[PDB]
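Below are two forms of the same protein chain, given as C-alpha cells: structure 1, then structure 2.
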Structure 1
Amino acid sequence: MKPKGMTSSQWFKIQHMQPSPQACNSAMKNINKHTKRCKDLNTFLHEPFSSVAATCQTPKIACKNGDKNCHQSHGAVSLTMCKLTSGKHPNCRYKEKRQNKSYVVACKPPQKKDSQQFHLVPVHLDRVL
C-alpha cells in the first residue's frame, strides 16, 4: 500500500512510470517492497513523466468511479503489463505483455511539496485502451 504521508502523485510515479523499459521480474521488486507480497497485476508506462502529466490537459472524461477527473492520452504509447504467474516474495515471477495503447489517467492538483511545474498531476492509472 501507498506509504502514509506520500503524495498520490509520487506514488503514481513509483507504481507506473518507467521511461526506459525494464524486465517485469526486476521492476516488480520495487513495486513489491512495501508489502513484500507479490502484486498480481501492474502496468508500466514507457514515457517521460512530463508526457503523462501533459495528458492531464486533455478534455475531462469519466473515470471508472464516475467522477469527471480522468483524461485520455493524445496517442498510443509503449507500455508493459506484468502479470503474476507464480512464486512468493521475494520470488515474484511475472509474465510480460508489451503493448502500444492509449491510456486514461485520473488527475488532481499537486499536493504538499509535489513539484510546482504541473497544475494537474496523475494520481492513478484508470484504464489502458
Structure 2
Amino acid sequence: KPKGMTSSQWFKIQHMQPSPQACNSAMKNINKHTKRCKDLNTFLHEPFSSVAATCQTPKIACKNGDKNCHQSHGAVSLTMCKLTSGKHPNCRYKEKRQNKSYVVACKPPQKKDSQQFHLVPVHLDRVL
C-alpha cells in the first residue's frame, strides 16, 4: 500500500465509490500511487458506514486463512474495472457493473482514521 497511508484510507481510495464514476477517471486516483496499472479493481457503490457495518457480521475465513473476514448482508451496486491497454499511468479500462455480495477483511481503525468505527475494512477479500 502507499507509504504513510492508513490501511482503511487505502481501502477507501480503492473500493469506496457511492457516486458511480467512469473507470478511466476513477482508476487514476489509484494508479497515481502505483508503479504499474492495476489489472482489476472493484468499486463498491456504498458509503463507508455501510461497509463498516459489514465488519459487524460474523467472522469468516479469508482467502488466505485469516479469520477477520466479513460477508455483506446482501448484494450492493458495484463496478469492476478490468485493464485493457496502456502503459502506466495511461491506463485504459473496460467496466462491468453488477449487483453482488462482497467479503471484506476488517480490523480496528488506526489513530489517524477520520471515521472511528470499532472495526473498519482494510481489504476486499471477495466479490460473490
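Only the largest set of C-alpha atoms that superpose within 1.5 Å between the two forms is called the rigid core. Counting starts at 1 and follows the sequence of structure 1.
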Of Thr35, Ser26, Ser86, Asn100, which is the single residue whose C-alpha shifts by 2 angstroms or more between structures 1 and 2 after core superposition?
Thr35
Superposing on the core, what C-alpha displacement does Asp114 show between structures 1 and 2, in angstrom?
1.3
Cα displacement of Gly75 between structures 1 and 2, once the rigid core is superposed (Å)
0.5
